[PDB]
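Enquirer: Numbered as in the entry's author numbering, the sequence shown ends at 303 without a single skipped number. Don't be surprised by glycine CBs; every beta carbon is placed ideally from N, CA and C.
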Amino acid sequence: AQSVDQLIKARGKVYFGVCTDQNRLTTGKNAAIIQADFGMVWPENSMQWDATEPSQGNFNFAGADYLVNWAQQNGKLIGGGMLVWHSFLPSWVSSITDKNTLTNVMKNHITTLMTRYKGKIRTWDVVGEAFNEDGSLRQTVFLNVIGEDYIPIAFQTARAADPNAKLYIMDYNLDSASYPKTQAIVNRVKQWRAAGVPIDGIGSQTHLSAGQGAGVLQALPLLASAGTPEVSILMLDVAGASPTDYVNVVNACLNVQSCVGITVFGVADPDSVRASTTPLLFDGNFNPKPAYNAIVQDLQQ
């Protein structure tokens with residue numbers, strides 16, 4: 003079959019990507035499908051905080067290095083993250099109560115990861131899942147100890163570490179224009195950028211139920227109205243994998259000039275965190291599903 007990354011490039015976008023890691027690249031038919039069909043890889047787990055800094059200042063890059071080396075060998079773009087996130091946080095971080103201490107820990111974690119791969123990473127997800135569903139800021143250790151300034155500090159630190167990388171904020175449940183979280187991230191990103199905070203993109207972590215694709219056609223233009231140079235669909239999966247939902251998400255990105263591309267959450271259904279909903283584009287035999295063929299056909303026209 004045809005390569006959705008090649009076809010989305012022909013439509014003027016940058017990539018169609020996928021999340022993966024060493025475990026996937028050495029099993030199944032994941033490596034071959036990524037080689038053929040996807041233009042960017044993102045680490046499932048190998049660049050998260052618990053994987054890379056399980057004890058303070060004792061960094062472990064084995065899995066991340068594997069992915070970066072594989073991507074360079076195979077000519078793929080690389081995304082990295084998440085640099086600052088309350089999930090997959092080791093306990094040594096969440097037990098810090100001193101502002102100066104946590105600020106220095108966070109800056110060092112960001113700078114160390116970004117320096118190691120300087121110039122090789124297209125996009126870094128700097129901060130993820132920072133908002134509550136009601137649009138207030140999520141009360142994580144970073145917010146509780148450092149304060150609201152932790153987000154500007156994180157982005158300023160990242161820009162200094164690798165000025166070539168695009169810096170993104172990411173969140174989920176940004177799939178409806180009227181949802182409080184969608185409104186808040188737009189408004190706060192406008193304000194941060196007006197104050198000079200270097201936020202280059204908003205990444206929408208799109209986990210849909212059946213029929214929710216239609217709402218993205220209005221939500222993504224709203225996210226783009228915050229003025230970042232880029233937006234993207236990240237970690238996409240769709241319960242039931244209806245072609246209608248998948249084609250709506252692709253068309254939303256095609257309709258938004260600043261949408262650079264789409265990343266799906268994995269290759270094949272059996273490796274999904276919600277496999278009973280068969281939510282991805284390849285089935286358990288690694289055959290492309292009707293939704294994959296529908297995206298191809300949509301992009302060809």
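1. From residue 177 to residue 300, what does the alpha carbon distance come to, in whole angstroms?
2. Per DSSP, residue 60 is paired with what?
3. Taking only runs of the alpha helix (DSSP H) that begin and end inside the segment 180-232, which ones reach a length of at least 4 residues, in chain order?
4. Would you grab the beta carbon distance between residue 160 and residue 126 for me? Rounded to a whole angstrom, and I think it's under 8 Å.
5. May I have the straight-line CA-CA distance separating residue 49 from residue 103, to the nearest angstrom?
6. Rank 136, 51, 144 and 135 by C-alpha distance to the C-alpha of residue 116 and give the top, closest one.
7. Is it buried or exposed, residue 292, if we count other Cβ atoms within 10 angstroms and call 16 or more buried?
8. If contacts are defined as beta-carbon pairs under 8 Å, then residue 169 and residue 157 qualify, I think. What distance do you get, rounded to the angstrom?
9. What first and last residue would you give for the beta strand (DSSP E) that runs through residue 126?
10. State the Cα-Cα distance for the pair residue 201 and residue 230, rounded to the nearest angstrom.
11. Kindly indicate the opening and closing residues of the alpha helix (DSSP H) around residue 292.
12. Using the Cβ count rule (16 or more neighbours within 10 Å means buried), how would you classify residue 151?
13. For residue 94, report the span of its alpha helix (DSSP H) as first-last.
14. In chain order, which continuous runs of the beta strand (DSSP E) of length 3 or greater are located wholly inside the segment 70-110?
15. Is DSSP giving residue 40 helix, strand or coil here?
16. Going by CA-CA distance only, name the one from 88, 46, 19 and 264 that's closest to residue 37.
17. Since residue 168 is in the beta strand (DSSP E), which residue starts that stretch and which ends it?
18. Using only CA atoms, which one of 85, 65 and 40 lies nearest to residue 28?
19. Taking the alpha-carbon positions, what's the residue 98 to residue 142 distance?
20. How about residue 224 and residue 179: are their beta carbons less than 8 Å apart?
21. By DSSP, does residue 157 sit in helix, in strand, or in coil?
22. By how many angstroms is the C-alpha of residue 204 removed from the C-alpha of residue 181?
23. Report yes if the CB atom of residue 175 is closer than 8 Å to the CB atom of residue 183, and no otherwise.
24. Any idea if residue 207 is buried or exposed, counting beta-carbon neighbours within 10 angstroms, 16 or more meaning buried?
25. Name the DSSP beta bridge partners of residue 17, please?
26. Which residue marks the beginning of the alpha helix (DSSP H) containing residue 252, and which one marks its end?
27. Taking buried to mean at least 16 other C-beta atoms within 10 Å of its own C-beta, is residue 286 buried or exposed?
28. For a test of the three-state rule: what should DSSP assign to residue 116, helix, strand or coil?
29. How would you call residue 32, buried or exposed, if buried means at least 16 neighbouring beta carbons within 10 angstroms?
30. So, under 8 Å CB-CB, residue 23 and residue 47 are touching, yes? Tell me the CB distance rounded to an integer number of Å.
Expert: Quick look at the numbers:
1. 21 Å
2. 57
3. Listed in chain order, the complete alpha helix (DSSP H) runs (minimum 4 residues) inside the segment 180-232 are 182-196 and 215-226.
4. 6 Å
5. Going by the C-alpha atoms only, they are around 22 Å apart.
6. 51
7. Sixteen is the threshold: since fewer than 16 other Cβ atoms of the shown chains lie within 10 Å of the Cβ of residue 292, the residue is exposed.
8. Confirmed, Cβ separation roughly 6 Å.
9. 125-130
10. 7 Å
11. 292-302
12. exposed
13. 93-96
14. 79-82
15. coil
16. 19
17. 168-174
18. 65
19. 12 Å
20. yes
21. helix
22. 16 Å
23. It is a contact, given that the beta carbons lie within the stated cut-off.
24. buried
25. 263
26. 245-257
27. exposed
28. helix
29. buried
30. Contact holds; Cβ gap of about 6 Å.
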